[PDB]
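Single chain ahead, by itself, as structure tokens, in the form deposited in one PDB entry.
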């Protein structure tokens, strides 16, 4: 099953990011302040109302992704994680859905991430690393919660302060459970390396009556 990991990595920007696929406690955080300053806390966004409809910097909770589709294995480096909100791994297949076991070397190899929100679907969103060390994420589609102004929020998580119906079941689009919490999982410190000092909490989540017991990392 490890053979179903797409491992098409190439550190051509000379970051050393491939190290963290193997060794632990290696992340340089000096650049996190300047990057995390681009994520606005929920209070700065505009209060929404009316009916909800469905619409970079993937380390911000408010990053509004596109729906998940099918991606070529050649652009994937390491395991793909999707969130139900519980974390699950999606491996390589050919274009027709049959699991493949060649580490994603074949050009016909894909990662089929096509998502429908549970309960009638598979998962809320997926996260993974592309070949040169950029974190990618997809899911949702996120929620248009209305509101006026230039600080209007396309909600991808539980944003209920800004719209009472913008819950994670309604709007969740990936691993961010709230604007402060994201699903813990064995590669979070790689995909979201600036969450290194987040605190790990035991939480419980309900999705159409199904209980999810999971660890969340929060700030």
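Only residues modelled in both forms are compared. Positions refer to the first chain, counted from 1. Here, rigid core means the biggest group of C-alpha atoms that superpose within 1.5 Å across both forms.
### Message
I'd like to know the size of any gap between residue 29 and residue 30, counted in deposited residues with no coordinates: none, 1 to 3, 4 to 9, or 10 or more.
### Response
Nothing is missing.
### Query
If you average the Cα B factors in the entry, which is higher, 31-39 or 150-158?
Higher mean C-alpha B-factor: 31-39.
### Query
Comparing 180-188 with 44-52, which stretch shows the greater average C-alpha B-factor in the deposited entry?
Per the PDB entry, the higher value belongs to 44-52.
### Query
Taking the Cα B-factors listed in the entry, which of 132, 120, 86, 135 comes out highest?
Reading the PDB entry, the winner on C-alpha B-factor is 120.
### Query
With respect to C-alpha B-factor, does residue 99 fall in the lowest, middle or highest third of the chain as deposited?
For residue 99, whose C-alpha B-factor we compare with every modelled residue in the chain, the answer is the highest third.
### Task
Pull the Cα B-factor of residue 217 out of the PDB entry and bin it into the chain's lowest, middle or highest third.
Bottom third by C-alpha B-factor.
### Query
Can you tell me which third, lowest, middle or highest, the CA B-factor of residue 12 falls into for its chain?
Lowest third.
### Message
Test of reading the entry: by CA B factor among the chain's modelled residues, which third contains residue 58?
### Response
Its C-alpha B-factor, which the entry lists for residue 58, ranks in the highest third among residues of this chain.
### Query
Lowest, middle or highest third: where is residue 114 by Cα B-factor in its chain?
Its C-alpha B-factor belongs to the middle third of this chain's values.
Beyond what is shown, the protein has a form deposited in another entry; the following relates to that form.
### Task
Align on the rigid core first; then say whether the Cα of residue 14 has moved by at least 2 Å between the shown form and the other one.
Yes; residue 14 is a residue whose C-alpha shifts (by 2 Å or more) between the shown form and the other one when the cores are overlaid.
### Task
Note yes or no: does the Cα of residue 26 move by 2 Å or more between the shown form and the other one after the core is superposed?
The answer is yes, as the C-alpha of residue 26 shifts between the shown form and the other one by 2 Å or more after core alignment.
### Task
Using the form shown as baseline, tell whether residue 36 and residue 13 are closer or farther in Cα-Cα distance in the other entry, where the change reaches 3 Å or more.
Compared with the shown chain, residue 36-residue 13 is farther in the other entry.
### Task
Relative to what we see here, could you say if residue 183 and residue 24 have their Cα atoms closer or farther apart in the other entry, with a change of 3 Å or more?
Between the C-alphas of residue 24 and residue 183, the gap narrows in the other entry (3 Å or more compared with this form).
### Query
What stretches, three or more residues long, have all their C-alphas moved by 2 Å or more between the shown form and the other one when the rigid core is held in place?
Residues 12-14, 23-30 form the runs that move by 2 Å or more between the shown form and the other one.
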